[PDB]
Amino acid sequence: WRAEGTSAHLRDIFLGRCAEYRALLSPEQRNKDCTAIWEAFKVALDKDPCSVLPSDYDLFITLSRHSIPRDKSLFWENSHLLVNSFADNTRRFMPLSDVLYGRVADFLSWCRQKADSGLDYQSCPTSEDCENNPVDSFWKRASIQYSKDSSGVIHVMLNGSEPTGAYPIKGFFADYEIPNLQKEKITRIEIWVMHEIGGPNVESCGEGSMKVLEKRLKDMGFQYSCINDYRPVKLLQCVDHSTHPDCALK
């Protein structure tokens, strides 16, 4: 397998994240069974590492699903760490990694061994090895739910320093989230194209892949907007480059 093996102490990490997250929930939605949720998630670790389908996690989602505040969704591509830091544990926004079912598996890996009941800690199948692997199917399933339950002002953070452009036509956002957005409960979509401090400006709003994205969104009939280096986020990137001119304050 050409990808990371399952995360060590997966169960403990999972249950822990689940426990801590419950605190961030509203008492009316606070009653979540972390053991049951782990139990349903665990089903994929009992199948062939190349035979797990998104729907296999339907029960898992059912047990952990909860509502997302209006205007709090934050989608993204190529900006994982910045999104988590900016989202600041649901304080500012609530990206998929700050929603119960996304929180418990964020950055982790998992998969059973090819011909054995045990978990493979050596490596796990990538999309190339086989399409229906545990981790991908998990995220496809989780992305869909996240898209379906999102409402109001939709935010999206893209990387304008990514060599392949800010918008991947075959990414999770393009294949599993844009299609699952309930247009009826979405007021508008606002893109933030971020660039590395002094970093390369491969694409900015309205250029290259961003034209492809914008077209699709408008075609689908969405009020749309785009901001290069959205300030709050730029300020956060700047924390690590205080002396750089782009970060100098008045």
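One rule holds for the numbers: they count along the sequence shown, beginning at 1.
Stretches 96-104 and 120-128 differ in mean CA B factor, with 120-128 having the higher one. As the entry records it, the average C-alpha temperature factor is higher for 21-29, out of 21-29 and 222-230. Comparing the listed residues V212, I37, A44, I197, the entry records the largest Cα B-factor for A44. Ranking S109, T90, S85, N180 by Cα temperature factor from the entry places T90 first.
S64 sits in the lowest third of its chain by CA B factor, as recorded in the PDB entry. Among the modelled residues of its chain, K148 has a C-alpha B-factor that falls in the lowest third, as given in the PDB entry. Sorting the modelled residues of the chain by their CA temperature factor places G208 in the lowest third. Split the chain's modelled residues into thirds by C-alpha temperature factor. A115 is in the highest one. Ranked against the other modelled residues of its chain, the C-alpha B-factor of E184 as given in the entry falls in the highest third.
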